[PDB]
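As structure tokens, one chain now follows by itself in the form deposited in one PDB entry.
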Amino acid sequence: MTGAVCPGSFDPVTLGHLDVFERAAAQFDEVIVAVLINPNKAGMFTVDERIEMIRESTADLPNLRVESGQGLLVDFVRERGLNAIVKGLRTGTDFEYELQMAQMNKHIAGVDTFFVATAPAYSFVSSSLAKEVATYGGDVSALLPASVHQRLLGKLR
């Protein structure tokens, strides 16, 4: 009955994201990972690549599935009969910005947002910083799942 959506661009998914997925899947009957695509800007990975990397690293979460979308997150959530979003947060700065979006989403669609504190070990990994570090040759193998790391290096080379 209960369910939540875990949104992001996941370009690529990180171990921080996977931690959030696992924690959501432990507390809700179903979890949908929403891979939100900007039809106007391509990321590093195509939609099918992003989804494949997430599926490979969530194979042991039976109540989680992965779907892409675009436009308003609250429409994605509501069209699946749900009304909760779960998002990871690292800092107070994160909270202030995400707060605005959560209150807007509640206002326009009645959708609630639950935030979870990042695991300490992954508090400094982000998709953007991992890509930037890897671009200039830094070692990010411990911050990304196996389903991501060598595909990332491949994209960069």
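Note that residue numbering begins at 1 and tracks the sequence as displayed. The term rigid core refers to the maximal set of C-alpha atoms that superpose within 1.5 Å between the two forms. Only residues modelled in both forms are compared.
Not pictured, yet referred to below: the form deposited with a small molecule bound.
Interface membership of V20, defined by any non-hydrogen atom within 4.5 Å of the small molecule in the entry with it bound, is confirmed. Within this chain, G3 is remote from the site of the small molecule in the entry with it bound, having no heavy atom within 4.5 Å. Proximity of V86 to the small molecule in the entry with it bound falls within the 4.5 Å heavy atom cutoff. Contact annotation for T58: none of its heavy atoms lies within 4.5 Å of the small molecule in the entry with it bound. Moving regions between the shown form and the other one, defined as 3+ consecutive residues each with a CA shift of at least 2 Å after core superposition, come down to one: 90-95.
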